[PDB]
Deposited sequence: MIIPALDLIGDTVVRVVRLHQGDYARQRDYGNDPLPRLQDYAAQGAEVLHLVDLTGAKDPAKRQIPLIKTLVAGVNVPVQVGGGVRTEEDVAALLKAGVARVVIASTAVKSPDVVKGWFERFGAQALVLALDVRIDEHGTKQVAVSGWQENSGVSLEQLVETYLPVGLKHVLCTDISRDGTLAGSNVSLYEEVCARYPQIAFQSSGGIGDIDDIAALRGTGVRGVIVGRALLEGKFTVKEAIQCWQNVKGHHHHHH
């Protein structure tokens, strides 16, 4: 799957690493992502990620209501209440950050209550000098072990160290549906990831930049 994605600061669509400002119409943007055939969408609430007390619930309610396809939302999700709040806003899956790295027993609890189909674990992966896949702020393997007993199913992988990693880990963990994020700059990057075993590709920047349209991405990826 192609998974189009918007990063949000307040009501404002942005490019980040803040880099560029693209307006205050996330909804027509999303709806046009959907019109072209996107099956899943992806939001990051950077305002909430900065401080969770300012979680943009009303906004996210609106955005999720305005489209008729599942939406996954991340950004500062670090307590059970936040997960419930996001779900209560209509969100189809909650994307969890570094907490799932730091606090396995808590997060295991979230899995046990909400179920694994509702959660996505977001991991920044570093390949080090030695060739170990480590997980940013512990190895990938270690994490997968920690969460297999509670039915781990969805991982969002950003590589911050490209095809071959995904080939190997997708082969090692056939029970995990991997999502690649970052590293997309043109339609060819999408073609590249096509046969790797990766299940979903997060696409953001390239779309705002007009390199291609979601219809083109889908044409590519879906061969």
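The deposited sequence has C-alpha coordinates everywhere except the stretches 18-25, 146-153, 178-185, 248-256.
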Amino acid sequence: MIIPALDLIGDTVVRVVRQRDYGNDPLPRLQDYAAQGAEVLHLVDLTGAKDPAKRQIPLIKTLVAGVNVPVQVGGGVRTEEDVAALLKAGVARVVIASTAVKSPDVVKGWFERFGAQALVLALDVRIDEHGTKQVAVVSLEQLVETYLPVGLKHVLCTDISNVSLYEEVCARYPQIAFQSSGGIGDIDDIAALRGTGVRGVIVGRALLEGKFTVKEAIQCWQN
From here on, numbers count along this sequence of modelled residues.
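Between the stretches 122-130 and 81-89, it is 122-130 that shows the larger average CA temperature factor. Checked against the record, the higher mean CA B factor of 62-70 and 166-174 lies with 166-174. When the C-alpha B factors of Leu193, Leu27, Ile184, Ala34 are read from the deposited coordinates, the top value falls at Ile184. Highest CA B-factor among the listed residues (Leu152, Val107, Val94, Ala136): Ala136. Among all modelled residues in this chain, the alpha-carbon of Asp189 has a temperature factor (C-alpha) in the middle third. When the modelled residues of the chain are ordered by C-alpha B-factor, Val14 sits in the highest third.
When all modelled residues of the chain are sorted by CA temperature factor, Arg20 is found within the highest third. Remark: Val44 belongs to the middle third of its chain, ranked by C-alpha B-factor as recorded.
When the modelled residues of the chain are ordered by their C-alpha B factor, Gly75 lands in the middle third.
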